[PDB]
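Next comes final_19.cif, a file with mmCIF, C-alpha atoms.
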data_final
loop_
_atom_site.label_atom_id
_atom_site.label_comp_id
_atom_site.auth_asym_id
_atom_site.auth_seq_id
_atom_site.Cartn_x
_atom_site.Cartn_y
_atom_site.Cartn_z
CA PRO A 1 -54.52 154.29 -15.40
CA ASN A 2 -51.55 153.77 -13.10
CA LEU A 3 -50.45 154.21 -9.50
CA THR A 4 -46.88 154.73 -8.26
CA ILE A 5 -46.06 153.76 -4.67
CA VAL A 6 -42.65 154.63 -3.22
CA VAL A 7 -41.52 152.29 -0.44
CA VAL A 8 -38.72 153.87 1.56
CA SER A 9 -35.56 151.76 1.35
CA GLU A 10 -35.60 150.69 5.01
CA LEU A 11 -39.11 149.22 4.58
CA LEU A 12 -38.41 147.12 1.47
CA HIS A 13 -37.76 143.89 3.41
CA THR A 14 -40.91 144.34 5.51
CA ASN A 15 -44.43 143.16 4.69
CA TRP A 16 -46.21 145.45 2.21
CA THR A 17 -47.66 143.20 -0.50
CA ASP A 18 -51.06 142.79 1.18
CA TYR A 19 -51.92 146.34 0.12
CA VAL A 20 -50.90 145.60 -3.47
CA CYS A 21 -52.99 142.42 -3.65
CA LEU A 22 -55.95 144.39 -2.27
CA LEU A 23 -55.55 147.06 -4.96
CA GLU A 24 -55.06 144.51 -7.74
CA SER A 25 -58.21 142.55 -6.87
CA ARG A 26 -60.34 145.71 -6.73
CA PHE A 27 -58.75 147.47 -9.74
CA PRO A 28 -57.66 144.75 -12.19
CA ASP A 29 -56.86 147.28 -14.94
CA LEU A 30 -54.51 149.32 -12.74
CA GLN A 31 -50.79 149.45 -13.44
CA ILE A 32 -49.12 149.51 -10.02
CA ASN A 33 -45.48 150.63 -10.02
CA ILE A 34 -43.51 149.97 -6.82
CA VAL A 35 -40.35 152.10 -6.52
CA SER A 36 -37.96 152.57 -3.60
CA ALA A 37 -36.06 155.64 -2.44
CA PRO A 38 -34.64 157.26 0.70
CA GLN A 39 -37.09 159.06 2.98
CA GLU A 40 -36.15 162.51 1.67
CA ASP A 41 -36.46 161.57 -2.01
CA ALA A 42 -39.75 159.76 -1.39
CA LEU A 43 -41.19 162.92 0.18
CA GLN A 44 -40.22 164.98 -2.88
CA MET A 45 -41.81 162.36 -5.14
CA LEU A 46 -45.14 162.86 -3.35
CA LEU A 47 -44.87 166.64 -3.61
CA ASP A 48 -43.91 166.79 -7.30
CA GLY A 49 -46.45 164.09 -8.18
CA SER A 50 -44.25 161.25 -9.46
CA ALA A 51 -45.63 159.07 -6.64
CA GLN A 52 -49.16 159.04 -5.26
CA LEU A 53 -48.50 157.05 -2.07
CA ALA A 54 -45.50 156.39 0.15
CA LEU A 55 -44.67 153.86 2.85
CA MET A 56 -42.64 155.69 5.48
CA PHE A 57 -41.37 155.32 9.02
CA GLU A 58 -40.86 158.29 11.38
CA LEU A 59 -42.94 165.20 7.69
CA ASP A 60 -44.59 168.64 7.61
CA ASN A 61 -47.91 170.43 7.03
CA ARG A 62 -48.29 169.22 3.42
CA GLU A 63 -48.61 165.44 3.95
CA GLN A 64 -51.35 163.35 5.48
CA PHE A 65 -50.91 159.81 6.71
CA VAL A 66 -52.59 156.82 8.31
CA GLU A 67 -50.85 154.30 10.54
CA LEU A 68 -50.24 150.83 9.12
CA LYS A 69 -48.31 148.54 11.45
CA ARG A 70 -45.23 147.94 13.57
CA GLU A 71 -42.23 146.09 12.12
CA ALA A 72 -39.83 144.47 14.57
CA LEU A 73 -36.09 144.37 13.92
CA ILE A 74 -33.43 142.13 15.44
CA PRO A 75 -29.73 142.72 16.19
CA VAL A 76 -27.87 139.81 14.60
CA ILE A 77 -24.38 138.48 13.89
CA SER A 78 -23.02 135.55 11.92
CA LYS A 79 -22.86 132.30 13.90
CA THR A 80 -19.20 131.90 12.84
CA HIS A 81 -18.16 135.39 13.96
CA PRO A 82 -15.74 135.21 16.94
CA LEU A 83 -18.22 137.26 18.99
CA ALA A 84 -20.95 134.67 18.36
CA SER A 85 -19.22 131.98 20.44
CA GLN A 86 -20.35 133.67 23.68
CA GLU A 87 -23.72 133.46 25.41
CA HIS A 88 -23.49 137.15 26.33
CA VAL A 89 -21.63 140.21 25.07
CA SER A 90 -20.65 143.46 26.75
CA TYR A 91 -21.03 146.99 25.46
CA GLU A 92 -17.22 147.20 25.30
CA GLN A 93 -17.20 144.31 22.82
CA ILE A 94 -19.94 145.86 20.67
CA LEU A 95 -17.96 149.11 20.78
CA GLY A 96 -14.99 147.25 19.29
CA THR A 97 -16.98 145.37 16.64
CA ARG A 98 -17.83 146.79 13.22
CA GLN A 99 -21.50 147.73 12.86
CA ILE A 100 -23.27 147.51 9.50
CA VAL A 101 -25.71 150.42 9.53
CA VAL A 102 -28.69 151.00 7.22
CA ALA A 103 -29.34 154.69 6.59
CA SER A 104 -29.31 157.50 4.01
CA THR A 105 -27.89 160.98 7.61
CA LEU A 106 -26.86 159.14 10.78
CA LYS A 107 -28.69 159.38 14.12
CA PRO A 108 -26.00 158.84 16.80
CA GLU A 109 -28.35 157.02 19.19
CA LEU A 110 -28.71 154.10 16.76
CA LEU A 111 -24.90 153.84 16.50
CA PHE A 112 -23.25 151.63 19.12
CA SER A 113 -19.86 150.80 17.60
CA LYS A 114 -16.84 153.03 17.13
CA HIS A 115 -16.30 151.78 13.56
CA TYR A 116 -19.14 151.21 11.13
CA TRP A 117 -20.13 150.85 7.49
CA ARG A 118 -23.20 152.49 5.98
CA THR A 119 -25.50 150.81 3.46
CA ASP A 120 -28.93 151.91 2.28
CA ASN A 121 -30.92 148.67 2.51
CA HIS A 122 -31.15 145.52 4.61
CA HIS A 123 -30.32 143.03 1.85
CA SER A 124 -26.91 144.64 1.38
CA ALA A 125 -26.46 144.75 5.17
CA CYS A 126 -27.48 141.09 5.53
CA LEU A 127 -25.00 139.95 2.87
CA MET A 128 -22.11 141.68 4.66
CA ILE A 129 -23.17 140.33 8.06
CA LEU A 130 -23.20 136.86 6.49
CA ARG A 131 -19.59 137.41 5.34
CA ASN A 132 -18.60 138.07 9.00
CA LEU A 133 -17.91 141.73 8.24
CA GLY A 134 -19.82 142.88 11.33
CA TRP A 135 -23.11 142.98 13.19
CA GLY A 136 -26.31 144.80 12.37
CA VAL A 137 -30.05 145.13 12.80
CA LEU A 138 -32.36 143.30 10.39
CA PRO A 139 -36.14 143.05 10.00
CA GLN A 140 -37.72 139.98 11.56
CA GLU A 141 -39.54 139.59 8.21
CA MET A 142 -36.27 138.53 6.54
CA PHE A 143 -36.25 135.37 8.66
CA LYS A 144 -39.80 134.63 7.55
CA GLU A 145 -38.86 135.09 3.90
CA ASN A 146 -35.59 133.13 4.26
CA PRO A 147 -35.81 130.59 7.11
CA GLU A 148 -32.24 129.43 6.47
CA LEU A 149 -31.02 132.75 7.90
CA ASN A 150 -31.70 131.20 11.31
CA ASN A 151 -28.99 128.62 10.53
CA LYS A 152 -26.49 131.36 9.62
CA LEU A 153 -27.30 134.30 11.91
CA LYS A 154 -27.80 134.45 15.67
CA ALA A 155 -29.50 137.14 17.72
CA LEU A 156 -27.12 139.32 19.69
CA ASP A 157 -28.29 139.70 23.30
CA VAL A 158 -27.70 143.42 23.46
CA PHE A 159 -31.08 144.56 24.70
CA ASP A 160 -30.00 145.69 28.16
CA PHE A 161 -28.03 148.54 26.56
CA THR A 162 -29.91 149.18 23.29
CA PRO A 163 -33.37 150.53 22.45
CA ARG A 164 -36.10 148.32 21.08
CA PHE A 165 -35.49 148.26 17.33
CA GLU A 166 -38.75 148.78 15.45
CA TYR A 167 -40.38 150.75 12.64
CA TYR A 168 -43.80 152.37 12.83
CA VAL A 169 -44.97 152.31 9.21
CA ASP A 170 -47.28 155.03 7.91
CA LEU A 171 -49.04 155.36 4.57
CA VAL A 172 -48.29 158.92 3.47
CA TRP A 173 -49.61 161.16 0.68
CA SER A 174 -49.61 164.81 -0.36
CA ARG A 175 -52.65 166.75 0.82
CA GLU A 176 -52.54 168.96 -2.28
CA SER A 177 -52.10 166.20 -4.83
CA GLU A 178 -54.84 164.59 -6.89
CA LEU A 179 -55.34 161.05 -5.63
CA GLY A 180 -56.82 158.54 -8.05
CA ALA A 181 -59.73 156.35 -7.05
CA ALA A 182 -57.29 153.53 -6.28
CA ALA A 183 -55.27 155.50 -3.74
CA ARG A 184 -58.43 156.87 -2.20
CA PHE A 185 -59.91 153.41 -1.85
CA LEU A 186 -56.83 152.13 -0.02
CA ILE A 187 -56.91 155.05 2.42
CA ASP A 188 -60.61 154.55 3.14
CA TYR A 189 -60.10 150.79 3.51
CA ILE A 190 -57.35 151.24 6.11
CA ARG A 191 -59.14 153.97 8.08
CA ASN A 192 -62.27 151.79 8.07
CA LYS A 193 -60.26 148.85 9.44
CA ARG A 194 -58.66 150.89 12.24
CA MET A 195 -62.17 151.25 13.66
CA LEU B 1 -9.49 162.00 8.31
CA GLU B 2 -10.90 158.41 8.38
CA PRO B 3 -10.65 156.92 4.87
CA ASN B 4 -13.85 156.28 2.96
CA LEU B 5 -14.86 154.37 -0.17
CA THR B 6 -18.42 154.64 -1.50
CA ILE B 7 -19.56 152.14 -4.14
CA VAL B 8 -22.91 152.54 -5.90
CA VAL B 9 -24.54 149.33 -7.13
CA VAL B 10 -27.24 150.06 -9.67
CA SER B 11 -30.66 148.80 -8.63
CA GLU B 12 -30.81 145.98 -11.19
CA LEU B 13 -27.55 144.49 -9.83
CA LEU B 14 -28.45 144.58 -6.12
CA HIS B 15 -29.37 140.87 -5.98
CA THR B 16 -26.30 139.67 -7.88
CA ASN B 17 -23.01 138.66 -6.25
CA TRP B 18 -20.96 141.79 -5.57
CA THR B 19 -19.87 140.84 -2.05
CA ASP B 20 -16.57 139.16 -2.99
CA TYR B 21 -15.13 142.52 -4.03
CA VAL B 22 -16.05 144.00 -0.65
CA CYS B 23 -14.38 141.16 1.27
CA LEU B 24 -11.28 141.58 -0.92
CA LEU B 25 -11.13 145.30 -0.10
CA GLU B 26 -11.78 144.76 3.61
CA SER B 27 -9.04 142.15 4.04
CA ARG B 28 -6.53 144.42 2.27
CA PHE B 29 -7.67 147.74 3.81
CA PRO B 30 -8.93 146.80 7.28
CA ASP B 31 -9.37 150.41 8.49
CA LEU B 32 -11.34 151.48 5.40
CA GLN B 33 -14.98 152.51 5.73
CA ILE B 34 -16.80 150.93 2.78
CA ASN B 35 -20.27 152.30 2.05
CA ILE B 36 -22.44 150.37 -0.41
CA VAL B 37 -25.33 152.42 -1.81
CA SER B 38 -27.80 151.71 -4.61
CA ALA B 39 -29.31 153.98 -7.24
CA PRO B 40 -30.72 153.97 -10.76
CA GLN B 41 -28.26 153.80 -13.65
CA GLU B 42 -28.62 157.51 -14.40
CA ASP B 43 -28.13 158.63 -10.79
CA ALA B 44 -25.19 156.26 -10.24
CA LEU B 45 -23.34 157.89 -13.15
CA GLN B 46 -23.96 161.36 -11.71
CA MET B 47 -22.62 160.14 -8.36
CA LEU B 48 -19.33 159.27 -10.05
CA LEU B 49 -19.17 162.66 -11.75
CA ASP B 50 -19.95 164.77 -8.68
CA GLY B 51 -17.82 162.63 -6.36
CA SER B 52 -20.47 161.03 -4.16
CA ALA B 53 -19.15 157.61 -5.27
CA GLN B 54 -15.72 156.43 -6.41
CA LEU B 55 -16.88 153.20 -8.06
CA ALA B 56 -20.08 151.91 -9.64
CA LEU B 57 -21.40 148.47 -10.55
CA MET B 58 -23.27 149.00 -13.83
CA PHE B 59 -24.53 146.70 -16.57
CA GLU B 60 -24.46 146.71 -20.38
CA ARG B 61 -22.77 150.11 -20.52
CA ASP B 62 -20.13 158.37 -22.22
CA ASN B 63 -16.52 159.38 -22.83
CA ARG B 64 -16.04 160.58 -19.23
CA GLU B 65 -16.46 157.12 -17.70
CA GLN B 66 -13.90 154.34 -17.81
CA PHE B 67 -14.74 150.74 -17.04
CA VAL B 68 -13.60 147.13 -16.94
CA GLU B 69 -15.93 144.18 -17.45
CA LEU B 70 -16.44 141.97 -14.40
CA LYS B 71 -18.74 139.03 -15.13
CA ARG B 72 -21.95 137.76 -16.67
CA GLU B 73 -24.94 137.35 -14.34
CA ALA B 74 -27.62 134.93 -15.52
CA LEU B 75 -31.33 135.66 -15.05
CA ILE B 76 -34.30 133.30 -15.17
CA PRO B 77 -37.97 133.83 -16.11
CA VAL B 78 -39.95 132.43 -13.18
CA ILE B 79 -43.52 132.04 -11.95
CA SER B 80 -45.09 130.86 -8.71
CA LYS B 81 -45.82 127.13 -8.48
CA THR B 82 -49.35 127.97 -7.28
CA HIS B 83 -50.07 130.43 -10.09
CA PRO B 84 -53.06 129.21 -12.17
CA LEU B 85 -50.78 128.96 -15.20
CA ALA B 86 -48.44 126.62 -13.32
CA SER B 87 -50.96 123.76 -12.97
CA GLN B 88 -50.63 122.93 -16.69
CA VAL B 89 -48.23 126.61 -21.45
CA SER B 90 -48.15 128.49 -24.74
CA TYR B 91 -46.43 131.72 -25.74
CA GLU B 92 -49.92 133.19 -26.24
CA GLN B 93 -50.61 132.64 -22.53
CA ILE B 94 -47.38 134.36 -21.49
CA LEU B 95 -48.44 137.27 -23.71
CA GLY B 96 -51.70 137.39 -21.73
CA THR B 97 -50.08 137.02 -18.29
CA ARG B 98 -48.89 140.05 -16.34
CA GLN B 99 -45.13 140.58 -16.38
CA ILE B 100 -43.42 142.14 -13.37
CA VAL B 101 -40.69 144.22 -15.01
CA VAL B 102 -37.58 145.37 -13.14
CA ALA B 103 -36.19 148.67 -14.43
CA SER B 104 -34.51 151.66 -12.76
CA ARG B 105 -36.93 154.54 -12.18
CA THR B 106 -38.19 154.27 -19.45
CA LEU B 107 -39.08 150.97 -21.06
CA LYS B 108 -37.90 149.87 -24.50
CA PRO B 109 -39.85 147.08 -26.27
CA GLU B 110 -36.89 144.74 -25.72
CA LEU B 111 -37.68 144.53 -21.98
CA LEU B 112 -41.42 143.85 -22.41
CA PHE B 113 -42.73 140.39 -23.26
CA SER B 114 -46.39 140.57 -22.19
CA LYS B 115 -49.26 142.83 -23.19
CA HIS B 116 -49.69 144.04 -19.59
CA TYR B 117 -46.97 144.71 -17.04
CA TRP B 118 -46.11 146.30 -13.72
CA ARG B 119 -42.85 148.17 -13.14
CA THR B 120 -40.61 147.88 -10.08
CA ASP B 121 -37.04 149.03 -9.53
CA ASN B 122 -35.49 146.00 -7.80
CA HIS B 123 -35.73 142.23 -7.89
CA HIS B 124 -36.75 141.73 -4.25
CA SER B 125 -39.91 143.78 -4.83
CA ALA B 126 -40.54 141.86 -8.07
CA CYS B 127 -39.96 138.51 -6.35
CA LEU B 128 -42.43 139.37 -3.57
CA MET B 129 -45.16 140.11 -6.12
CA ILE B 130 -44.38 137.00 -8.17
CA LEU B 131 -44.70 135.03 -4.93
CA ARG B 132 -48.19 136.53 -4.47
CA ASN B 133 -49.20 135.15 -7.92
CA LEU B 134 -49.44 138.66 -9.34
CA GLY B 135 -47.51 137.67 -12.47
CA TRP B 136 -44.29 136.30 -13.91
CA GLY B 137 -40.91 137.98 -14.07
CA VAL B 138 -37.18 137.66 -14.62
CA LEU B 139 -34.97 137.17 -11.55
CA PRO B 140 -31.24 136.64 -11.08
CA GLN B 141 -30.19 133.02 -10.58
CA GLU B 142 -28.21 134.45 -7.64
CA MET B 143 -31.44 134.97 -5.69
CA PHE B 144 -32.03 131.21 -5.61
CA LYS B 145 -28.53 130.63 -4.26
CA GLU B 146 -29.03 133.24 -1.54
CA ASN B 147 -32.58 132.09 -0.68
CA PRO B 148 -33.21 128.35 -1.11
CA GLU B 149 -36.84 128.98 -0.06
CA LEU B 150 -37.50 130.43 -3.53
CA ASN B 151 -37.11 126.99 -5.13
CA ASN B 152 -39.96 125.74 -2.92
CA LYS B 153 -42.25 128.50 -4.21
CA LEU B 154 -41.13 129.46 -7.73
CA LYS B 155 -40.53 127.47 -10.90
CA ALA B 156 -38.66 128.41 -14.06
CA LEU B 157 -40.98 129.03 -16.99
CA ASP B 158 -40.95 126.33 -19.67
CA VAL B 159 -42.92 127.77 -22.59
CA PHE B 160 -42.93 126.66 -26.22
CA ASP B 161 -41.67 129.30 -28.69
CA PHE B 162 -40.45 131.36 -25.69
CA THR B 163 -36.66 131.04 -25.55
CA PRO B 164 -35.09 134.49 -24.92
CA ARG B 165 -31.78 134.87 -23.12
CA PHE B 166 -31.68 137.10 -20.03
CA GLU B 167 -28.29 138.16 -18.66
CA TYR B 168 -26.35 141.14 -17.37
CA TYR B 169 -22.77 141.94 -18.25
CA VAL B 170 -21.57 143.73 -15.12
CA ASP B 171 -18.97 146.48 -15.49
CA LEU B 172 -16.91 148.27 -12.86
CA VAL B 173 -17.20 151.96 -13.74
CA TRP B 174 -15.45 155.11 -12.53
CA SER B 175 -14.93 158.72 -13.61
CA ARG B 176 -11.75 159.42 -15.57
CA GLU B 177 -11.64 162.99 -14.21
CA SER B 178 -12.07 162.08 -10.53
CA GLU B 179 -9.17 160.99 -8.33
CA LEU B 180 -9.39 157.42 -7.10
CA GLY B 181 -8.26 156.49 -3.62
CA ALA B 182 -5.81 153.67 -3.09
CA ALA B 183 -8.59 151.15 -2.39
CA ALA B 184 -10.38 151.80 -5.69
CA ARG B 185 -7.09 151.64 -7.61
CA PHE B 186 -6.23 148.32 -5.96
CA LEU B 187 -9.55 146.79 -7.03
CA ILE B 188 -9.18 148.05 -10.61
CA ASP B 189 -5.66 146.63 -10.90
CA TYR B 190 -6.78 143.34 -9.33
CA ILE B 191 -9.59 142.96 -11.88
CA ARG B 192 -7.49 143.97 -14.90
CA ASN B 193 -4.74 141.59 -13.73
CA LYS B 194 -7.19 138.74 -13.63
CA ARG B 195 -8.56 139.53 -17.05
CA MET B 196 -5.05 139.04 -18.29
CA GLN B 197 -6.49 135.49 -18.68
#
Encoded form using structure tokens:
Amino acid sequence: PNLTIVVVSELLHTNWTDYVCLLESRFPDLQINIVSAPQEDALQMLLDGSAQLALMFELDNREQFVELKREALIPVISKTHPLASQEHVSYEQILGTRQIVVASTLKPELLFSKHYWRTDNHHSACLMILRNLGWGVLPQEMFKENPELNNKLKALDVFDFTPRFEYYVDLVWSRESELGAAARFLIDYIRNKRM
Amino acid sequence: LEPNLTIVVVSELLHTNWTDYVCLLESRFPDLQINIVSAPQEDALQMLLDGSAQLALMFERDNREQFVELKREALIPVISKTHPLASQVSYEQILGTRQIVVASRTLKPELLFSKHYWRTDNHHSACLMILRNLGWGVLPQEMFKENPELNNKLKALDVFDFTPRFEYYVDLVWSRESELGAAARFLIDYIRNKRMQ
């Protein structure tokens, strides 16, 4: 017996292992395979059956979902970047600084710099921010997992002209797929908690 | 209009050191958009062939690809310091302990060292589950450089009669039938010129 969960790339460096530990303790024989993919590929994996569950942020008639949690993100820059020497920054300065963007396409309202690089996960983005290649938005969870990031990265104070950066994480599945007892248990467990 | 360079790093190589090549390209081509994506081995190759990527970071390894070897990346079998096994271990116990296997999304016996295993497609996911005491696994030494916290939580396995060598040989791969931009050609010449020694 086995269970494949696809975590969308942008949610990899958030906090999802509690659900795996829950499943392992209740189903100690279960092989649990954790894969990652972009949103669009993860959806197709649910529909063609290669994954039973998906962790997604912001679907059609054929999926169901239950809400999991909010994940906060933080705009950051390297402490040794020239822009980091200032208490405050203007929009004009952000406009002229390279943004490291995590996606894939690109929603223009989450783009604030004229020039930008695209990467598909936050680890790659964090590495390039640490090399002073630009600024970007990283999950707060990464500073829990790696406290030394606080010594290297500083929060950009950018909030007066940017939206609150956050993910609303849902547990998603295909209505017309066959869910094993393990997947069903997890869905019942969460629903039962939410009330 | 607006020059682009897309590099696909295969999943297994995501938590190795590939960032020096990006800084080299950026300092030489300051107006170049450099997109770093990740994919399984099989999909990364198709990205080269259909043009979605100009360059690929692949390991171990078709007559349509050309490549130049970059470096060896060392990997370490590790377990959480609070795992029940860590308070003492034999090879028999490793056989009976769950292995968290990292492999692009099938598994040859050469990648499997325990009777039972879970499969994940990148080392961050594997590391998270090793940290939760869900098993042991093989992680790049690079992860401990990038995250010193991991040394507080994980220990290298020391097991009698268990001495395999884990390593990747990383290659820079491209399609011989695609046309490489100037940035990709610069990197290839830079690497080949270094290997002259």
Exercise. Counting only C-alpha atoms, write as a ChimeraX atom specification all protein and nucleic acid residues lying at most 9 Å from (-43.3, 137.7, -28.4) in the file's frame.
Key: /B:91-92,94-95,112-114,161-162
Atoms to include: C-alpha atoms. Write the selected residues as a PDB file, in the frame of the given file.
ATOM      1  CA  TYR B  91     -46.430 131.720 -25.740  1.00  0.00           C
ATOM      2  CA  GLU B  92     -49.920 133.190 -26.240  1.00  0.00           C
ATOM      3  CA  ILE B  94     -47.380 134.360 -21.490  1.00  0.00           C
ATOM      4  CA  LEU B  95     -48.440 137.270 -23.710  1.00  0.00           C
ATOM      5  CA  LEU B 112     -41.420 143.850 -22.410  1.00  0.00           C
ATOM      6  CA  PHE B 113     -42.730 140.390 -23.260  1.00  0.00           C
ATOM      7  CA  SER B 114     -46.390 140.570 -22.190  1.00  0.00           C
ATOM      8  CA  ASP B 161     -41.670 129.300 -28.690  1.00  0.00           C
ATOM      9  CA  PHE B 162     -40.450 131.360 -25.690  1.00  0.00           C
TER      10      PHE B 162
END
Select, counting only C-alpha atoms, all protein, DNA and RNA residues no farther than 12 Å from (-51.7, 158.6, 5.8) in file coordinates, and express the selection as a JSON list (two decimals) with C-alpha atoms, keeping the file's coordinate frame.
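Resulting contents of point-v6.json:
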[["chain", "number", "residue", "atom", "x", "y", "z"],
["A", 52, "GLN", "CA", -49.16, 159.04, -5.26],
["A", 53, "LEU", "CA", -48.50, 157.05, -2.07],
["A", 54, "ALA", "CA", -45.50, 156.39, 0.15],
["A", 55, "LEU", "CA", -44.67, 153.86, 2.85],
["A", 56, "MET", "CA", -42.64, 155.69, 5.48],
["A", 57, "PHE", "CA", -41.37, 155.32, 9.02],
["A", 59, "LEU", "CA", -42.94, 165.20, 7.69],
["A", 62, "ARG", "CA", -48.29, 169.22, 3.42],
["A", 63, "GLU", "CA", -48.61, 165.44, 3.95],
["A", 64, "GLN", "CA", -51.35, 163.35, 5.48],
["A", 65, "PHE", "CA", -50.91, 159.81, 6.71],
["A", 66, "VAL", "CA", -52.59, 156.82, 8.31],
["A", 67, "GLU", "CA", -50.85, 154.30, 10.54],
["A", 68, "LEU", "CA", -50.24, 150.83, 9.12],
["A", 169, "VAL", "CA", -44.97, 152.31, 9.21],
["A", 170, "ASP", "CA", -47.28, 155.03, 7.91],
["A", 171, "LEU", "CA", -49.04, 155.36, 4.57],
["A", 172, "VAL", "CA", -48.29, 158.92, 3.47],
["A", 173, "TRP", "CA", -49.61, 161.16, 0.68],
["A", 174, "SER", "CA", -49.61, 164.81, -0.36],
["A", 175, "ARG", "CA", -52.65, 166.75, 0.82],
["A", 183, "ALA", "CA", -55.27, 155.50, -3.74],
["A", 184, "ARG", "CA", -58.43, 156.87, -2.20],
["A", 186, "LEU", "CA", -56.83, 152.13, -0.02],
["A", 187, "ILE", "CA", -56.91, 155.05, 2.42],
["A", 188, "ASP", "CA", -60.61, 154.55, 3.14],
["A", 189, "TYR", "CA", -60.10, 150.79, 3.51],
["A", 190, "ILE", "CA", -57.35, 151.24, 6.11],
["A", 191, "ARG", "CA", -59.14, 153.97, 8.08]]
Quiz prompt | Picked residues, the PyMOL selection byres ((chain A) within 7 of (chain B)), expected as a ChimeraX atom specification | solution = /A:17,31-36,116-120,146
Self-check item: Which of A:61, A:41, A:2, A:91 sits closest to residue 160 of chain A [using only C-alpha atoms]
Solution: A:91
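Across A:70, A:114, A:26, A:152, the tightest approach to residue 131 of chain A is made by A:152 when counting only C-alpha atoms.
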Matched chain/residue IDs from the PyMOL selection byres ((chain A and resi 137) around 6), as a PDB file with C-alpha atoms, keeping the file's coordinate frame:
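Output below, filename result.pdb:
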ATOM      1  CA  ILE A  74     -33.430 142.130  15.440  1.00  0.00           C
ATOM      2  CA  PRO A  75     -29.730 142.720  16.190  1.00  0.00           C
ATOM      3  CA  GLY A 136     -26.310 144.800  12.370  1.00  0.00           C
ATOM      4  CA  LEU A 138     -32.360 143.300  10.390  1.00  0.00           C
TER       5      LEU A 138
END
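Shortest atom-to-atom contact with residue 168 of chain B among B:53, B:78, B:48, B:70: B:70, counting all atoms listed in the file.
Shortest atom-to-atom contact with residue 121 of chain A among A:50, A:93, A:80, A:104: A:104, counting only C-alpha atoms.
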Practice problem: Give me, please, the distance in Å between atom CA of residue 115 of chain A and atom CA of residue 140 of chain A, quoted to one decimal. | Solution: 24.5 Å
Quiz prompt | Shortest interatomic distance to residue 153 of chain A - which of A:135, A:192, A:21, A:165, counting all atoms listed in the file | solution = A:135
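Going from atom CA of residue 173 of chain B over to atom CA of residue 123 of chain A, you cover 22.2 Å.
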Quiz item: Quick one: distance from atom CA of residue 185 of chain B to atom CA of residue 40 of chain B in Å, one decimal?
Solution: 24.0 Å
Exercise. Would you please work out which residue, of A:47, A:30, A:128, A:11, is nearest to residue 21 of chain B when using all atoms listed in the file?
Key: A:128
